[PDB]
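Engineer: Questions regarding the structure given below will be posed in turn.
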Amino acid sequence: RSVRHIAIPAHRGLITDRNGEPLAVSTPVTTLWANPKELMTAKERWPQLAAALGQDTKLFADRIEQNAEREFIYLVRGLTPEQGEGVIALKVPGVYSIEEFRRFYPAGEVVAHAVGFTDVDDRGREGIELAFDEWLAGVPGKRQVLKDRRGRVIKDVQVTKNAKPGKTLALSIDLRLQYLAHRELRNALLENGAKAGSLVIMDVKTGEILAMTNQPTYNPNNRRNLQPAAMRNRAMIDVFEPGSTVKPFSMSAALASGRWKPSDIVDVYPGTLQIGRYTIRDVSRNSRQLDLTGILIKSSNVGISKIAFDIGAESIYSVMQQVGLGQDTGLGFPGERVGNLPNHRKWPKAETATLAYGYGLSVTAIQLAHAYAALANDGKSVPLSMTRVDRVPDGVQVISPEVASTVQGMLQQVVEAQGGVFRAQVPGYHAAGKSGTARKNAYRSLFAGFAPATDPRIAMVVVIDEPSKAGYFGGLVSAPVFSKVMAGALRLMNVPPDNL
Ligand SMILES: *C(=O)[C@@H](NC(=O)/C(=N\OC(C)(C)C(=O)O)c1csc(N)n1)[C@H](C)NC(=O)NS(=O)(=O)n1nc(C2=NC=C(O)C(=O)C2)n(CCCS(C)(=O)=O)c1=O
């Protein structure tokens, strides 16, 4: 006779979207265990027990003999109650069932990267499951038992500690927008023969992540083998050069300096600019005088570089750091990357120019979307959240409201003006944004923007990695994805059309 204490598993808390749609649900599973000391008295039952467990008779018999000095062995973990009851129905001495919890992900591949998953022990292993593990797990209980000399449970004496169930968690994700974003990103990858992609949707007023999808994705309900590339939450754990998508932040520094107005002109002829051994190069090289809006419409690296030389890189670095590029988001997502915003005590001319046009800095899609959200929210940055926000925290004014408003207007012209990124136009609304194309010849196609331009509600980033068709420019590849997903998101959120 021996007094022993055994655990009582806790029910893991439900994860829902922002409207209560289930995203991660704890399902009862049966764990079958056996006491090899008791099994030894019923050898004639072993072949039927092996057959029920789908094991070769001899391998099963060998396994029980090799573990003959033990009082506990796992037979099979995570069976369905129906399957466990079938083994229990054989009435084999020394065989026991135990109720365990296993996660089911009703939206499967659609929200796999954001939700993440639990391991074999029901502990958070990836995504939100890992980030909020303490909240979701609860606390296992403890049961007191009396065991005989073979280790067989003679009596259940008392519960010493009751199990405490885990707590419900409502994400910021809107499953309707998530499904729309998932489908359009998937379609774009196919249309462009692309390797990977990410799409982030943010509420500019609340800091909430309304959608976060990546390609390739995986079914978290069937994780048998399957590629590590498919499990990466790329929006948070992959870094890239943002390129021309950071030019609005360089422009914000220009307008805040007191030295530049949108109607000021920069001469970008002949479409290149030599700075020692380095040459700044424009894509289209048939311009001379461009105004500040024109520098963004034509995406002139030369133009933004000349502005950067005039105002100094310190002013540009400060805006980019303040909007969160290459900075910790504070989300604490597992494996989340910070990227890098290079710094210098004395900025050389080449580094000043490359900073201004987003070369040599590394950011995540989440960081880029957060920066555009600050710009869209009249220069005020609301802290990021992966959970439903009921009480909105105070934001930080990172760009002056007048400067943010002027840049917003310039970005609406990037989308709407003659020669602009027309594929980003959102039917029924005024939209604003900037595309980018980064050479990694392999490319990353980008679009970052927000809408409705008259009263912004949503910021969005579209990243398409290595499009393989003739078209690779961000304005061609990523801009139409932004248009479709933004139109859908605005409609789902009942945002009144502003292009009247
Ligand atoms: C910004 O992202 C800029 N990128 C770079 O300078 C980098 N690479 O440039 C390329 C050209 C890809 C290269 O060196 O091969 C870069 C930055 S960080 C890094 N590692 N590399 C470029 C200049 N800007 C854009 O791509 N802007 S954009 O996506 O809006 N875009 N530009 C164009 C073209 N404009 C003019 C031309 O003559 C062209 O041939 C392309 N486009 C396509 C037209 C779009 S439309 C019909 O006007 O809407 C586009 O989308």
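Residue numbering restarts at 1 for every chain of the structure tokens, chains are lettered A, B, ... in their displayed order, and ligands are numbered from 1 as they appear.
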When the cut-off is 9 Å and you count only C-alpha atoms and all ligand atoms, which residues lie near ligand 1, shown as a short mmCIF file (atom, residue, chain, number, x, y, z; two decimals) with N, CA, C and O atoms, in the first residue's frame?

Structural biologist:
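The result, written out as part_9.cif:
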```cif
data_model
loop_
_atom_site.label_atom_id
_atom_site.label_comp_id
_atom_site.auth_asym_id
_atom_site.auth_seq_id
_atom_site.Cartn_x
_atom_site.Cartn_y
_atom_site.Cartn_z
N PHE A 240 12.44 42.24 -44.29
CA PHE A 240 12.70 42.60 -45.67
C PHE A 240 13.05 44.07 -45.77
O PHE A 240 12.72 44.86 -44.87
N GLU A 241 13.64 44.47 -46.91
CA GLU A 241 13.90 45.88 -47.17
C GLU A 241 12.61 46.51 -47.68
O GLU A 241 12.05 46.06 -48.67
N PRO A 242 12.10 47.56 -47.00
CA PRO A 242 10.80 48.14 -47.40
C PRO A 242 10.89 48.99 -48.67
O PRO A 242 9.88 49.31 -49.27
N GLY A 243 12.11 49.41 -49.03
CA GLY A 243 12.30 50.21 -50.23
C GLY A 243 11.43 51.45 -50.30
O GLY A 243 11.33 52.20 -49.33
N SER A 244 10.79 51.67 -51.47
CA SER A 244 10.02 52.89 -51.76
C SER A 244 8.80 53.12 -50.84
O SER A 244 8.31 54.26 -50.78
N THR A 245 8.33 52.08 -50.12
CA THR A 245 7.23 52.23 -49.17
C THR A 245 7.60 53.12 -47.95
O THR A 245 6.69 53.54 -47.21
N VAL A 246 8.89 53.37 -47.69
CA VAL A 246 9.23 54.28 -46.56
C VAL A 246 9.40 55.73 -47.01
O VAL A 246 9.61 56.61 -46.15
N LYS A 247 9.37 56.00 -48.33
CA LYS A 247 9.48 57.39 -48.85
C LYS A 247 8.47 58.37 -48.18
O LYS A 247 8.86 59.53 -47.94
N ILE A 280 22.97 56.42 -57.36
CA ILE A 280 21.55 56.31 -57.03
C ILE A 280 20.87 56.23 -58.41
O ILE A 280 21.23 57.01 -59.28
N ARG A 281 19.94 55.31 -58.61
CA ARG A 281 19.29 55.13 -59.90
C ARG A 281 17.78 55.10 -59.81
O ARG A 281 17.22 54.43 -58.94
N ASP A 282 17.12 55.81 -60.73
CA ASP A 282 15.66 55.81 -60.83
C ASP A 282 15.23 54.75 -61.83
O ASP A 282 16.01 54.41 -62.72
N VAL A 283 13.99 54.24 -61.72
CA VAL A 283 13.46 53.27 -62.69
C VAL A 283 13.16 53.93 -64.03
O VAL A 283 13.57 53.41 -65.06
N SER A 284 12.44 55.05 -64.01
CA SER A 284 12.10 55.83 -65.19
C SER A 284 13.07 56.99 -65.13
O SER A 284 13.21 57.62 -64.09
N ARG A 285 13.76 57.26 -66.21
CA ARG A 285 14.78 58.30 -66.20
C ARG A 285 14.54 59.34 -67.29
O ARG A 285 15.47 59.75 -67.99
N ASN A 286 13.29 59.78 -67.41
CA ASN A 286 12.88 60.81 -68.36
C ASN A 286 12.26 62.01 -67.67
O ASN A 286 11.31 62.61 -68.19
N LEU A 296 6.98 61.08 -55.34
CA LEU A 296 6.30 59.88 -54.83
C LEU A 296 5.57 59.16 -55.97
O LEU A 296 5.66 57.94 -56.04
N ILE A 297 4.86 59.91 -56.85
CA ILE A 297 4.14 59.29 -57.99
C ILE A 297 5.11 58.53 -58.90
O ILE A 297 4.85 57.39 -59.27
N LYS A 298 6.24 59.16 -59.25
CA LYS A 298 7.25 58.56 -60.11
C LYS A 298 8.22 57.64 -59.33
O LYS A 298 9.01 56.93 -59.94
N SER A 299 8.12 57.63 -58.00
CA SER A 299 8.98 56.87 -57.07
C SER A 299 10.46 57.17 -57.40
O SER A 299 11.25 56.28 -57.67
N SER A 300 10.82 58.47 -57.39
CA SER A 300 12.18 58.82 -57.73
C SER A 300 13.11 58.69 -56.52
O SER A 300 12.97 59.45 -55.56
N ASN A 301 14.07 57.74 -56.58
CA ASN A 301 15.13 57.57 -55.59
C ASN A 301 16.02 58.80 -55.59
O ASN A 301 16.42 59.26 -54.51
N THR A 354 20.27 56.03 -49.16
CA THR A 354 19.69 54.68 -49.08
C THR A 354 18.66 54.58 -47.96
O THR A 354 17.62 53.96 -48.17
N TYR A 357 15.32 56.07 -49.20
CA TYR A 357 14.51 55.26 -50.09
C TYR A 357 14.41 53.77 -49.65
O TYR A 357 14.03 52.92 -50.47
N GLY A 358 14.63 53.50 -48.36
CA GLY A 358 14.38 52.19 -47.78
C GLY A 358 15.28 51.05 -48.18
O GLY A 358 14.88 49.89 -48.09
N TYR A 359 16.50 51.36 -48.59
CA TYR A 359 17.50 50.36 -48.95
C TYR A 359 18.39 50.14 -47.72
O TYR A 359 18.75 51.10 -47.04
N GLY A 360 18.71 48.89 -47.43
CA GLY A 360 19.60 48.57 -46.32
C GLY A 360 18.98 48.63 -44.94
O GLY A 360 19.71 48.60 -43.94
N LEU A 361 17.66 48.76 -44.85
CA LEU A 361 16.99 48.67 -43.55
C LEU A 361 16.08 47.48 -43.63
O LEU A 361 15.73 47.06 -44.74
N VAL A 414 -0.78 59.71 -55.16
CA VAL A 414 0.01 58.57 -55.70
C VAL A 414 -0.94 57.55 -56.32
O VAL A 414 -0.65 57.02 -57.38
N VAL A 415 -2.07 57.29 -55.65
CA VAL A 415 -3.06 56.32 -56.10
C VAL A 415 -3.97 56.86 -57.23
O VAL A 415 -4.26 56.13 -58.18
N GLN A 418 -2.91 61.27 -62.44
CA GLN A 418 -2.48 60.77 -63.75
C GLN A 418 -1.06 60.25 -63.60
O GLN A 418 -0.24 60.91 -62.94
N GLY A 419 -0.82 59.04 -64.11
CA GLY A 419 0.48 58.38 -63.99
C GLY A 419 0.69 57.67 -62.66
O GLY A 419 1.76 57.11 -62.41
N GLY A 420 -0.34 57.66 -61.81
CA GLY A 420 -0.28 57.06 -60.49
C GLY A 420 -0.48 55.55 -60.47
O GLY A 420 -0.63 54.92 -61.52
N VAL A 421 -0.53 54.97 -59.26
CA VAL A 421 -0.68 53.52 -59.04
C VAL A 421 -2.19 53.21 -59.12
O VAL A 421 -2.83 52.91 -58.12
N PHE A 422 -2.75 53.32 -60.34
CA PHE A 422 -4.20 53.18 -60.56
C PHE A 422 -4.79 51.85 -60.10
O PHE A 422 -5.96 51.82 -59.73
N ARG A 423 -3.99 50.76 -60.11
CA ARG A 423 -4.48 49.44 -59.69
C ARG A 423 -4.81 49.37 -58.17
O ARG A 423 -5.50 48.45 -57.75
N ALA A 424 -4.34 50.35 -57.38
CA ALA A 424 -4.66 50.40 -55.95
C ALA A 424 -5.99 51.11 -55.68
O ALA A 424 -6.48 51.08 -54.56
N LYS A 434 1.47 53.67 -51.17
CA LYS A 434 2.69 53.68 -51.95
C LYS A 434 3.14 52.27 -52.19
O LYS A 434 3.21 51.46 -51.26
N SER A 435 3.51 51.97 -53.45
CA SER A 435 4.07 50.65 -53.75
C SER A 435 5.59 50.68 -53.67
O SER A 435 6.21 51.74 -53.57
N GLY A 436 6.17 49.50 -53.63
CA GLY A 436 7.60 49.32 -53.56
C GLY A 436 8.00 48.05 -54.29
O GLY A 436 7.21 47.11 -54.42
N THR A 437 9.24 48.02 -54.79
CA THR A 437 9.81 46.86 -55.47
C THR A 437 11.24 46.77 -54.98
O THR A 437 12.02 47.71 -55.19
N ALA A 438 11.56 45.71 -54.25
CA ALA A 438 12.90 45.52 -53.72
C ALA A 438 13.58 44.34 -54.43
O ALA A 438 12.99 43.27 -54.53
N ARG A 439 14.82 44.56 -54.90
CA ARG A 439 15.62 43.53 -55.55
C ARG A 439 16.33 42.81 -54.39
O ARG A 439 17.01 43.47 -53.60
N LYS A 440 16.11 41.50 -54.25
CA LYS A 440 16.73 40.74 -53.16
C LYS A 440 17.94 39.97 -53.64
O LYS A 440 18.74 40.52 -54.37
N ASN A 441 17.90 37.70 -60.98
CA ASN A 441 17.18 38.79 -60.32
C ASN A 441 15.87 38.32 -59.66
O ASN A 441 14.93 37.88 -60.34
N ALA A 442 15.84 38.42 -58.32
CA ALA A 442 14.71 38.04 -57.47
C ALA A 442 14.10 39.31 -56.80
O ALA A 442 14.86 40.19 -56.35
N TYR A 443 12.76 39.40 -56.73
CA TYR A 443 12.12 40.60 -56.20
C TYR A 443 11.12 40.36 -55.11
O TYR A 443 10.53 39.29 -55.02
N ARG A 444 10.86 41.41 -54.33
CA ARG A 444 9.78 41.43 -53.36
C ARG A 444 8.87 42.58 -53.79
O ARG A 444 9.36 43.70 -54.00
N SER A 445 7.59 42.29 -54.01
CA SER A 445 6.62 43.31 -54.46
C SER A 445 5.79 43.78 -53.26
O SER A 445 5.23 42.95 -52.52
N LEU A 446 5.71 45.09 -53.07
CA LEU A 446 5.05 45.68 -51.91
C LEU A 446 4.01 46.71 -52.25
O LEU A 446 4.15 47.47 -53.20
N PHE A 447 3.00 46.78 -51.40
CA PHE A 447 2.04 47.88 -51.39
C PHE A 447 1.64 48.14 -49.94
O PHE A 447 1.26 47.22 -49.22
N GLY A 471 5.70 40.60 -64.85
CA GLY A 471 5.39 41.67 -63.92
C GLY A 471 5.90 41.44 -62.51
O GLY A 471 5.61 40.42 -61.90
N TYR A 472 6.73 42.35 -62.01
CA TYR A 472 7.24 42.17 -60.66
C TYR A 472 7.11 43.41 -59.81
O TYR A 472 7.27 43.32 -58.60
N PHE A 473 6.86 44.57 -60.43
CA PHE A 473 6.74 45.83 -59.70
C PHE A 473 5.58 45.81 -58.70
O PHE A 473 4.51 45.24 -58.98
N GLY A 474 5.81 46.40 -57.53
CA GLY A 474 4.78 46.50 -56.49
C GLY A 474 3.46 47.09 -56.96
O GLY A 474 2.41 46.60 -56.57
N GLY A 475 3.52 48.11 -57.82
CA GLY A 475 2.34 48.78 -58.38
C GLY A 475 1.52 47.90 -59.31
O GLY A 475 0.34 48.17 -59.56
N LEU A 476 2.15 46.86 -59.85
CA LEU A 476 1.49 45.93 -60.73
C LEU A 476 1.03 44.68 -59.95
O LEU A 476 -0.07 44.18 -60.19
N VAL A 477 1.88 44.15 -59.07
CA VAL A 477 1.67 42.88 -58.39
C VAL A 477 0.87 43.00 -57.09
O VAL A 477 -0.09 42.25 -56.88
N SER A 478 1.28 43.92 -56.20
CA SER A 478 0.65 44.04 -54.90
C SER A 478 -0.51 45.04 -54.83
O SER A 478 -1.44 44.83 -54.04
N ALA A 479 -0.47 46.12 -55.65
CA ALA A 479 -1.54 47.13 -55.65
C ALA A 479 -2.94 46.57 -55.91
O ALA A 479 -3.87 46.93 -55.18
#
```

Engineer: How close does segment 186-285 of chain A get to segment 395-406 of chain A? List, as a tab-separated table, each residue of segment 186-285 of chain A within 8 Å, its nearest atom pair and the distance in Å to one decimal, counting only C-alpha atoms.

Structural biologist:
```
residue	atom	partner	partner_atom	distance
A:252	CA	A:403	CA	6.1
A:255	CA	A:403	CA	6.3
A:256	CA	A:403	CA	6.4
```

Engineer: Could you list, as a ChimeraX atom specification, every residue within 9 Å of segment 368-384 of chain A, counting only C-alpha atoms and ignoring same-chain residues fewer than 6 positions away?

Structural biologist: /A:200-209,242,245-246,248-249,320,322-325,329-331,392-405,407-408,433,448-451,453,455-461

Engineer: Residues near residue 25 of chain A, anyone? I mean within 9 Å using only C-alpha atoms, not counting same-chain ones fewer than 2 positions away, as a ChimeraX atom specification.

Structural biologist: /A:12-16,22-23,27,102-106

Engineer: Name the residues in contact with residue 125 of chain A at a cut-off of 12 Å, using only C-alpha atoms, excluding same-chain residues fewer than 2 positions from it; report them as a compact mmCIF listing (two decimals) with C-alpha atoms, in the first residue's frame.

Structural biologist:
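Everything below was put into out.txt:
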```txt
# COMPACT_ATOMS: atom_id res chain seq x y z
CA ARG A 103 -7.10 21.29 -29.74
CA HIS A 113 -0.12 31.47 -38.36
CA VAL A 115 -3.55 31.31 -33.74
CA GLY A 116 -0.61 28.85 -33.83
CA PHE A 117 -1.00 25.48 -32.08
CA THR A 118 -0.49 23.30 -28.97
CA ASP A 119 2.01 20.38 -28.66
CA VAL A 120 1.22 16.71 -27.76
CA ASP A 121 1.01 17.82 -24.05
CA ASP A 122 -1.65 20.55 -24.86
CA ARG A 123 0.84 23.40 -24.20
CA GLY A 127 1.50 31.84 -32.31
CA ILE A 128 -1.15 33.10 -29.87
CA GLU A 129 -1.33 29.60 -28.30
CA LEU A 130 2.28 30.15 -27.13
CA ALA A 131 2.12 33.97 -26.52
CA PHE A 132 -0.95 33.63 -24.21
CA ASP A 133 -0.16 30.16 -22.85
CA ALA A 137 -3.67 26.89 -19.89
CA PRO A 220 -2.95 22.88 -37.91
CA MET A 231 4.52 27.13 -40.61
CA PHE A 333 4.88 36.90 -30.48
CA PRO A 334 7.17 33.83 -30.53
CA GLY A 335 10.11 34.33 -32.89
```

Engineer: For segment 43-52 of chain A, please output as a list in words all residues within 10 Å (counting only C-alpha atoms; exclusion window: fewer than 2 positions along the same chain).

Structural biologist: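 Within the cut-off, the hits are residues 38, 39, 40, 41, 54, 55, 56, 57, 58, 59, 60, 61, 64, 75, 83, 84, 86, 87, 88, 90, 91, 92, 93 and 95 of chain A.
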
Engineer: Write a file of the just-selected residues containing N, CA and C atoms, as an mmCIF file, in the first residue's frame.

Structural biologist:
```cif
data_model
loop_
_atom_site.group_PDB
_atom_site.id
_atom_site.type_symbol
_atom_site.label_atom_id
_atom_site.label_comp_id
_atom_site.auth_asym_id
_atom_site.auth_seq_id
_atom_site.Cartn_x
_atom_site.Cartn_y
_atom_site.Cartn_z
ATOM 1 N N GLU A 38 0.303 -5.550 -13.792
ATOM 2 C CA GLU A 38 -1.041 -6.129 -13.908
ATOM 3 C C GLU A 38 -1.223 -6.862 -15.255
ATOM 4 N N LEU A 39 -0.692 -6.302 -16.372
ATOM 5 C CA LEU A 39 -0.764 -6.919 -17.708
ATOM 6 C C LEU A 39 -0.191 -8.331 -17.766
ATOM 7 N N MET A 40 0.887 -8.603 -16.983
ATOM 8 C CA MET A 40 1.562 -9.914 -16.881
ATOM 9 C C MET A 40 0.655 -11.052 -16.446
ATOM 10 N N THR A 41 -0.468 -10.752 -15.767
ATOM 11 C CA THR A 41 -1.413 -11.773 -15.296
ATOM 12 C C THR A 41 -2.482 -12.083 -16.331
ATOM 13 N N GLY A 54 -3.809 -1.714 -33.070
ATOM 14 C CA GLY A 54 -3.243 -1.825 -34.416
ATOM 15 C C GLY A 54 -1.751 -2.101 -34.439
ATOM 16 N N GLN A 55 -1.264 -2.856 -33.431
ATOM 17 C CA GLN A 55 0.149 -3.186 -33.255
ATOM 18 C C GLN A 55 0.386 -4.625 -33.581
ATOM 19 N N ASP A 56 1.601 -4.956 -34.104
ATOM 20 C CA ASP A 56 1.980 -6.350 -34.353
ATOM 21 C C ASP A 56 2.015 -7.035 -32.969
ATOM 22 N N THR A 57 1.473 -8.250 -32.896
ATOM 23 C CA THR A 57 1.378 -9.008 -31.665
ATOM 24 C C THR A 57 2.730 -9.113 -30.938
ATOM 25 N N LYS A 58 3.786 -9.464 -31.674
ATOM 26 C CA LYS A 58 5.111 -9.692 -31.102
ATOM 27 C C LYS A 58 5.776 -8.411 -30.608
ATOM 28 N N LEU A 59 5.654 -7.301 -31.354
ATOM 29 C CA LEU A 59 6.232 -6.014 -30.962
ATOM 30 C C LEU A 59 5.566 -5.510 -29.691
ATOM 31 N N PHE A 60 4.226 -5.666 -29.614
ATOM 32 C CA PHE A 60 3.477 -5.297 -28.417
ATOM 33 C C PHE A 60 3.893 -6.142 -27.191
ATOM 34 N N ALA A 61 3.965 -7.478 -27.346
ATOM 35 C CA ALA A 61 4.381 -8.408 -26.296
ATOM 36 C C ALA A 61 5.806 -8.082 -25.823
ATOM 37 N N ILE A 64 5.807 -4.928 -23.580
ATOM 38 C CA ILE A 64 5.326 -5.157 -22.217
ATOM 39 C C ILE A 64 6.397 -5.872 -21.367
ATOM 40 N N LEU A 75 -0.026 3.600 -23.556
ATOM 41 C CA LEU A 75 -0.324 2.619 -24.608
ATOM 42 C C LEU A 75 -0.536 3.372 -25.890
ATOM 43 N N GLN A 83 -12.943 5.361 -29.595
ATOM 44 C CA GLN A 83 -11.784 4.482 -29.778
ATOM 45 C C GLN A 83 -11.262 3.950 -28.435
ATOM 46 N N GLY A 84 -11.196 4.809 -27.409
ATOM 47 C CA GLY A 84 -10.753 4.451 -26.061
ATOM 48 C C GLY A 84 -11.674 3.465 -25.369
ATOM 49 N N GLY A 86 -13.571 1.281 -26.843
ATOM 50 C CA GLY A 86 -13.445 0.016 -27.563
ATOM 51 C C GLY A 86 -12.343 -0.851 -26.991
ATOM 52 N N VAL A 87 -11.238 -0.221 -26.531
ATOM 53 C CA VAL A 87 -10.098 -0.887 -25.891
ATOM 54 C C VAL A 87 -10.520 -1.252 -24.466
ATOM 55 N N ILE A 88 -11.228 -0.332 -23.769
ATOM 56 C CA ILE A 88 -11.738 -0.550 -22.411
ATOM 57 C C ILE A 88 -12.793 -1.700 -22.400
ATOM 58 N N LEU A 90 -12.642 -4.454 -23.947
ATOM 59 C CA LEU A 90 -11.971 -5.764 -23.955
ATOM 60 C C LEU A 90 -11.806 -6.241 -22.511
ATOM 61 N N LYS A 91 -11.901 -5.302 -21.528
ATOM 62 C CA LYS A 91 -11.815 -5.558 -20.075
ATOM 63 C C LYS A 91 -10.491 -6.254 -19.702
ATOM 64 N N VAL A 92 -9.391 -5.752 -20.254
ATOM 65 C CA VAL A 92 -8.065 -6.344 -20.010
ATOM 66 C C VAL A 92 -7.578 -5.838 -18.646
ATOM 67 N N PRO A 93 -7.236 -6.751 -17.708
ATOM 68 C CA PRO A 93 -6.668 -6.309 -16.419
ATOM 69 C C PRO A 93 -5.376 -5.487 -16.612
ATOM 70 N N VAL A 95 -5.355 -2.299 -17.793
ATOM 71 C CA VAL A 95 -5.558 -1.297 -18.850
ATOM 72 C C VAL A 95 -6.546 -0.228 -18.326
#
```

Engineer: As an exercise, work out the distance from atom CA of residue 264 of chain A to atom CA of residue 416 of chain A in Å and give it to one decimal place.

Structural biologist: 20.3 Å

Engineer: For the structure I just gave you, how does DSSP split segment 173-373 of chain A - specifically, which residues are helix (DSSP H, G or I)? Reply as a ChimeraX atom specification.

Structural biologist: /A:175-192,234-237,243-256,292-297,301-311,313-322,349-356,365-373

Engineer: May I have the residues from that selection written out with C-alpha atoms, as an mmCIF file, in the first residue's frame?

Structural biologist:
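Wrote result-v5.cif, looks like this:
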```
data_model
loop_
_atom_site.group_PDB
_atom_site.id
_atom_site.type_symbol
_atom_site.label_atom_id
_atom_site.label_comp_id
_atom_site.auth_asym_id
_atom_site.auth_seq_id
_atom_site.Cartn_x
_atom_site.Cartn_y
_atom_site.Cartn_z
ATOM 1 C CA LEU A 175 -12.575 36.099 -39.228
ATOM 2 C CA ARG A 176 -14.610 37.587 -42.149
ATOM 3 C CA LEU A 177 -11.692 39.904 -43.108
ATOM 4 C CA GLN A 178 -9.213 37.075 -42.395
ATOM 5 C CA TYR A 179 -10.984 34.781 -44.908
ATOM 6 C CA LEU A 180 -11.099 37.565 -47.537
ATOM 7 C CA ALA A 181 -7.365 38.392 -47.028
ATOM 8 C CA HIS A 182 -6.445 34.638 -47.070
ATOM 9 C CA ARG A 183 -8.294 34.027 -50.369
ATOM 10 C CA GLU A 184 -6.914 37.091 -52.183
ATOM 11 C CA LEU A 185 -3.321 36.534 -51.037
ATOM 12 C CA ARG A 186 -3.610 32.852 -52.144
ATOM 13 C CA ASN A 187 -5.039 33.944 -55.573
ATOM 14 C CA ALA A 188 -2.256 36.540 -56.054
ATOM 15 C CA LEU A 189 0.453 33.938 -55.309
ATOM 16 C CA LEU A 190 -1.049 31.727 -58.061
ATOM 17 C CA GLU A 191 -1.544 34.573 -60.598
ATOM 18 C CA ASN A 192 2.097 35.674 -60.077
ATOM 19 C CA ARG A 234 6.144 35.563 -42.164
ATOM 20 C CA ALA A 235 4.278 38.831 -41.313
ATOM 21 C CA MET A 236 6.066 38.775 -37.930
ATOM 22 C CA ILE A 237 9.172 36.567 -38.265
ATOM 23 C CA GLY A 243 12.303 50.207 -50.231
ATOM 24 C CA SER A 244 10.016 52.895 -51.757
ATOM 25 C CA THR A 245 7.225 52.232 -49.168
ATOM 26 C CA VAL A 246 9.233 54.284 -46.564
ATOM 27 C CA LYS A 247 9.482 57.393 -48.846
ATOM 28 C CA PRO A 248 6.321 58.900 -47.118
ATOM 29 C CA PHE A 249 8.271 58.885 -43.810
ATOM 30 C CA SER A 250 11.257 60.645 -45.506
ATOM 31 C CA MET A 251 8.648 63.105 -46.894
ATOM 32 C CA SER A 252 7.165 63.596 -43.368
ATOM 33 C CA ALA A 253 10.662 64.591 -42.118
ATOM 34 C CA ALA A 254 11.031 66.954 -45.158
ATOM 35 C CA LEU A 255 7.701 68.713 -44.459
ATOM 36 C CA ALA A 256 8.380 68.913 -40.675
ATOM 37 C CA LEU A 292 7.297 66.514 -53.984
ATOM 38 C CA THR A 293 4.055 64.691 -54.926
ATOM 39 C CA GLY A 294 5.652 63.864 -58.298
ATOM 40 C CA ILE A 295 8.695 62.329 -56.547
ATOM 41 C CA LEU A 296 6.302 59.878 -54.834
ATOM 42 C CA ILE A 297 4.140 59.288 -57.994
ATOM 43 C CA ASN A 301 15.130 57.566 -55.593
ATOM 44 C CA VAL A 302 17.155 60.558 -56.901
ATOM 45 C CA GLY A 303 14.448 63.005 -55.802
ATOM 46 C CA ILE A 304 14.001 61.642 -52.275
ATOM 47 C CA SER A 305 17.863 61.423 -51.915
ATOM 48 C CA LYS A 306 18.300 65.159 -52.755
ATOM 49 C CA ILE A 307 15.621 66.043 -50.190
ATOM 50 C CA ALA A 308 17.439 63.772 -47.650
ATOM 51 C CA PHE A 309 20.772 65.555 -48.259
ATOM 52 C CA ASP A 310 19.083 68.901 -47.601
ATOM 53 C CA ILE A 311 17.303 67.946 -44.333
ATOM 54 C CA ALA A 313 19.451 61.716 -42.320
ATOM 55 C CA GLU A 314 18.955 62.305 -38.525
ATOM 56 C CA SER A 315 15.484 63.813 -39.114
ATOM 57 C CA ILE A 316 14.513 60.827 -41.349
ATOM 58 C CA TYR A 317 15.889 58.168 -38.981
ATOM 59 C CA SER A 318 13.888 59.806 -36.125
ATOM 60 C CA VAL A 319 10.539 59.638 -38.009
ATOM 61 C CA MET A 320 11.179 55.965 -38.998
ATOM 62 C CA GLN A 321 12.211 55.028 -35.438
ATOM 63 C CA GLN A 322 9.172 56.878 -33.982
ATOM 64 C CA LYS A 349 26.010 60.772 -48.100
ATOM 65 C CA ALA A 350 25.442 57.231 -49.538
ATOM 66 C CA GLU A 351 23.824 56.021 -46.271
ATOM 67 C CA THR A 352 21.651 59.187 -46.059
ATOM 68 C CA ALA A 353 20.240 58.467 -49.562
ATOM 69 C CA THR A 354 19.688 54.682 -49.084
ATOM 70 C CA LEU A 355 17.909 55.297 -45.729
ATOM 71 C CA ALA A 356 15.580 57.805 -47.478
ATOM 72 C CA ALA A 365 5.081 43.457 -42.545
ATOM 73 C CA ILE A 366 3.556 44.114 -39.074
ATOM 74 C CA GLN A 367 5.990 47.005 -38.493
ATOM 75 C CA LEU A 368 5.262 48.494 -41.922
ATOM 76 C CA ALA A 369 1.468 48.270 -41.353
ATOM 77 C CA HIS A 370 1.826 49.840 -37.890
ATOM 78 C CA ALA A 371 3.850 52.763 -39.386
ATOM 79 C CA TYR A 372 1.163 53.355 -42.062
ATOM 80 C CA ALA A 373 -1.516 53.152 -39.325
#
```

Engineer: Env of residue 340 of chain A: 7 Å cut, atoms = only C-alpha atoms, seq-sep filter 4 positions within chain, self excluded. Answer as a VMD selection string.

Structural biologist: chain A and resid 326 361 to 363

Engineer: Residues of the last selection are to be written out with C-alpha atoms, as a PDB file, in the first residue's frame.

Structural biologist:
```pdb
ATOM      1  CA  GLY A 326      13.067  48.216 -37.052  1.00  0.00           C
ATOM      2  CA  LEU A 361      16.991  48.674 -43.552  1.00  0.00           C
ATOM      3  CA  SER A 362      14.979  45.615 -42.540  1.00  0.00           C
ATOM      4  CA  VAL A 363      11.420  45.614 -41.246  1.00  0.00           C
TER       5      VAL A 363
END
```

Engineer: Which of these, A:151, A:409, A:141, A:197, has the shortest distance to residue 463 of chain A once you count only C-alpha atoms?

Structural biologist: A:197

Engineer: So, with only C-alpha atoms as the atoms that count, which of A:36, A:258, A:270, A:228 lies closest to residue 70 of chain A?

Structural biologist: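 Result for the nearest residue to residue 70 of chain A: A:36.
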